[PDB]
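Chains as they are written, first to last, in PDB author numbering: chain B, 207 to 238, 245 to 258, 278 to 453, 468 to 473; chain A, 203 to 259, 277 to 476.
Don't be surprised by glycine CBs; every beta carbon is placed ideally from N, CA and C.
Some notes on the structure that comes next.
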Ligand SMILES: O=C1O[C@H](c2ccc(OCc3cccc4ccccc34)cc2)C(c2ccccc2)=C1O
């Protein structure tokens, strides 16, 4: 069985690379030369306008995530409504996962890494804008201390999408069966890639709690308008 | 065959199951025995309406009883937690922090053991109160137990028995991502050991059960949600029912949760 699992993991990893331009390996190299937004004069040279821009980029993400999901073995063979339902409820969770790749404790890469917007400047935004990104920063510092890389996140992202508990699925069985196989593939992946990281698998799963917590909290704070 | 590492995880499993039996007078095993007619001596009285309530013996009188059941559950969980190796060795402040946030998640975990899709065991298993009688209570008391039922039916589908739950509720208590924790690292190393012990336990007790470990852990999402929903509904109760008194042990657990 362990053969197909490695083959599943590599399959997911290649697809992840093709679907997501800005990988985690790339983002970290940059964070360790982008234009820095630390202030208002800084931003101009680069409140409502900032929050709408996160919206624009979030919409582009969903298309990337959607393309990635269709590479997940068995995903397209699912009931079409079930596919739509899985992406509908899954993309927020995936966006925050992947946003963590672009953050450190001091700020976030924007514009596919061409910029960097400081955590402090974000906080300085008047209410309720100045509070939308602080909880994601809190989650990212926790998340990134796991030091996953892109081949780990490729499987992780796939497991999130194949969640058999989205509201209103029609045929939960093949979803959980795929998720079952993805979890097996994640577990072996973490074991070979992090032999020293004890029970990394378990601590990763526990972050879905956190992730879902962020997503519900974000929702609450929340023609062109047609597009969003 | 099993090695010295496995053998230490097995002994921690045995020790926690043992303490669990000593701390919780109504186990799942007994609850299931009562709910499924393995009884001629253990069958419960069934409350499904006002006269059946009257016969065993409103929406506040029920609520005051579930809330003082909760208090003596906190005590049982508190007794069980002291038995988790390393728990009492941690900073006293963290000990209370771990209890403050963990108690509710464990209470609804264990409450599931007393539930089927149709109702819930009460008064140590002597009684059984139907899901319908509860959902029929005046607002917002009718909204009280429905999320718990919905959790339980999914959670009960995992078919965990008590030796599993003992380790799982120990993983819950020893949660290093709790608000305000002084020393997270000693907490994580205990939970890391619990997680190893749960992982082996699930694989030995449920070998035909693919990825039960992962599926069990993902249920922590559902508990956190039950807790959140419960707090909100308690917020509403305090405004509409200012003559209703909540219990101090429980006051302290909700302050800034
Ligand atoms: O212009 C912008 O870019 C920014 C940005 C927004 C979301 C974002 O999410 C990261 C991300 C989310 C989902 C899928 C991805 C796939 C590949 C790489 C990153 C992916 C990344 C950059 C961004 C922005 C604005 C406000 C707060 C945070 C970021 C812009 O104003």
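Residues near residue i in its chain [Cβ-Cβ closer than 6 angstroms; skip 5 each side]
i, result
"residue 322 (chain B)", "293, 296"
"residue 219 (chain B)", "382, 385"
"residue 305 (chain B)", "409"
"residue 214 (chain A)", "416"
"residue 211 (chain A)", "415, 416, 419"
Cβ-Cβ distance between residue i and residue j below 8 angstroms
i, j, result
"residue 344 (chain A)", "residue 232 (chain A)", "yes"
"residue 435 (chain A)", "residue 421 (chain A)", "yes"
"residue 448 (chain B)", "residue 432 (chain B)", "no"
"residue 327 (chain B)", "residue 282 (chain B)", "no"
"residue 250 (chain A)", "residue 385 (chain A)", "no"
"residue 316 (chain A)", "residue 399 (chain A)", "yes"
"residue 362 (chain B)", "residue 452 (chain B)", "yes"
"residue 209 (chain A)", "residue 303 (chain A)", "no"
"residue 413 (chain A)", "residue 393 (chain A)", "yes"
"residue 235 (chain A)", "residue 242 (chain A)", "no"
"residue 473 (chain B)", "residue 290 (chain B)", "yes"
Coil, strand or helix - residue i by DSSP
i, result
"residue 401 (chain B)", "coil"
"residue 248 (chain B)", "strand"
"residue 338 (chain B)", "strand"
"residue 226 (chain A)", "coil"
"residue 258 (chain B)", "coil"
"residue 329 (chain A)", "helix"
"residue 348 (chain A)", "strand"
"residue 425 (chain A)", "coil"
"residue 364 (chain A)", "coil"
"residue 395 (chain A)", "coil"
"residue 439 (chain A)", "helix"
"residue 370 (chain A)", "helix"
"residue 302 (chain B)", "coil"
"residue 411 (chain B)", "helix"
"residue 322 (chain A)", "helix"
"residue 430 (chain A)", "coil"
"residue 204 (chain A)", "coil"
Distance, residue j Cα to residue i Cα
i, j, result
"residue 401 (chain B)", "residue 381 (chain A)", "33 angstroms"
"residue 300 (chain B)", "residue 307 (chain B)", "8 angstroms"
"residue 252 (chain B)", "residue 341 (chain B)", "16 angstroms"
"residue 357 (chain B)", "residue 458 (chain A)", "31 angstroms"
"residue 186 (chain B)", "residue 455 (chain A)", "The structure shown does not extend to residue 186 (chain B), since chain B spans only 207 to 473, so no value can be given for it."
"residue 465 (chain A)", "residue 313 (chain A)", "25 angstroms"
"residue 237 (chain B)", "residue 450 (chain B)", "29 angstroms"
"residue 246 (chain B)", "residue 336 (chain B)", "17 angstroms"
"residue 330 (chain A)", "residue 203 (chain A)", "36 angstroms"
"residue 254 (chain B)", "residue 286 (chain A)", "55 angstroms"
"residue 258 (chain B)", "residue 440 (chain B)", "36 angstroms"
"residue 284 (chain B)", "residue 404 (chain A)", "38 angstroms"
Beta-carbon proximity list for residue i, same chain, < 7 angstroms, skipping 5 on both sides
i, result
"residue 338 (chain A)", "347, 348, 349, 350"
"residue 324 (chain B)", "391, 442, 443, 446"
"residue 425 (chain A)", "431"
"residue 227 (chain B)", "343"
Other residues of its chain near residue i: CB distance less than 8 angstroms, five sequence neighbours each side excluded
i, result
"residue 379 (chain A)", "230, 387, 435"
"residue 397 (chain B)", "316, 317, 319, 320, 321"
"residue 279 (chain A)", "360, 460, 463"
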